[PDB]
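Next up: just one chain, as structure tokens, the form solved without its partner chain.
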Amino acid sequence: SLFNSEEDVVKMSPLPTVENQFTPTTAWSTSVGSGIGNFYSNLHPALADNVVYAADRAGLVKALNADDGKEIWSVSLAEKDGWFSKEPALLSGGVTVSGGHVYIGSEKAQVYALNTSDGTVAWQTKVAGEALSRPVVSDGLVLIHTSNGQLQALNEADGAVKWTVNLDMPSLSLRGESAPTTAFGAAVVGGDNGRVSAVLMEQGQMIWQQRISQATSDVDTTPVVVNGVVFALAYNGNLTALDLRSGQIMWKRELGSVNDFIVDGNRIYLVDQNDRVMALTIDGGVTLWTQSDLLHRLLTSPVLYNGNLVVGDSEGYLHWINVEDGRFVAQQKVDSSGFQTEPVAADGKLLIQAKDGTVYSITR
């Protein structure tokens, strides 16, 4: 391809000049070892009962006071196998917190449950594949969607596998975030070679299955359930709405190349593969706005916080976007190792973890 080769397609001058309409600040930051470095990861902080739990790839896990960032505990899941030199745990999926346990998945097909109290290992279970998605907890069970297309349910108390459902044999879904979603005692799992499935939580019985993509970059295929509708993103950029009750397709938009989406009220917020942001009406029918100034800056998934859509980028900036017209309302240089994993909005807090592992609490 002579023409593509002869172009210096290069360089961007992103960093739109934004006149900040408020002053976003760091309430606190706390280091977490070396973070994920240059490895791709879905590891992000979790917040519960005023405690932020965060981890790094090597195996460090910290419990921090949500108000000041002070360490409540810290343990390492890195292990030394007899005579052999200590090895990183390669934590990848999580963190997730639920009823006294911190659940984390690993690239070594390990799932760990830690006690929120003191950080001691409640249990550890060998899982059917790499756990690169966040564990999802529902009625006594820890749902793990592995990278090799398996959906396993573990007993939250002892980690024993209750059931396994082979959803597809790839491999190995390019570590797109593909956690299950829950609703009415069911799990809805996407990803999987273009199919969305709903299975019963009890014994993993297939309730319905719907092809949203023709069979065949890291797309977040986690379905989002909202008032009886399932919003699912296929790997090929198709956004689809499905009736939760029956799995019947309501509508479909061939967006071509979407990395992430969230849904909220009457809007769907999308970030495309090239870091363009867009908002659509709930039915995906009308384009409300687009924002093109962040092209190629490699954005995190967006989060809705304090009325704004917030995304971080690889250069270490946070950008705050008016959800009405997609204009920037604030821009902030936070950490120069950059952002990659999702920002988290919980109980009034905005947490985000840089690549070097430093966790920030950001106030708007």
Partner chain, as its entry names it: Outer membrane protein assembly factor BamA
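Positions refer to the first chain, counted from 1.
This protein has a second form, the form solved in complex with its partner chain, left out of what is shown; the following refers to that one.
K.L.:
Does at least one non-hydrogen atom of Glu71 fall within 4.5 angstroms of its partner chain in the deposited complex?
P.N.:
Although its partner chain is absent here, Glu71 would stay clear of it in the deposited complex, with no heavy atoms inside 4.5 Å.
K.L.:
At the 4.5 Å heavy atom threshold, is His101 in contact with its partner chain in the deposited complex?
P.N.:
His101 lies outside the contact set for its partner chain.
K.L.:
Using a 4.5 angstroms cut-off on non-hydrogen atoms, would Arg276 count as touching its partner chain in the deposited complex?
P.N.:
No, no contact at 4.5 Å.
K.L.:
Give a yes or no for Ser336: in the deposited complex, does one of its heavy atoms lie within 4.5 Å of a heavy atom belonging to its partner chain?
P.N.:
Close contact is absent here: in the deposited complex, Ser336 is far from its partner chain, nothing within 4.5 Å, heavy atoms only.
K.L.:
Sort through 115-123, 226-234, 163-171, 281-289 and report the only stretch with a non-hydrogen atom within 4.5 Å of its partner chain in the deposited complex.
P.N.:
Stretch 163-171 is the one.
K.L.:
Only one of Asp218, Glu87, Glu202, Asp243 comes within 4.5 Å of its partner chain in the deposited complex by heavy atoms, so just point that one out.
P.N.:
Of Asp218, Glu87, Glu202, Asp243, the residue with a heavy atom within 4.5 Å of its partner chain in the deposited complex is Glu87.
K.L.:
Could you spot which one of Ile262, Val188, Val258, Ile207 gets a heavy atom to within 4.5 Å of its partner chain in the deposited complex?
P.N.:
None of the others qualify; the residue that does is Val258.
K.L.:
Looking at its partner chain in the deposited complex, is some heavy atom of each of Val9, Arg175 and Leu298 within 4.5 Å of it?
P.N.:
Result yes, every residue of the spot touches its partner chain.
K.L.:
Heavy atom within 4.5 Å of its partner chain in the deposited complex: which residues of 27-45 meet that condition, in order?
P.N.:
Residues within 4.5 Å: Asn38, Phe39, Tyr40.
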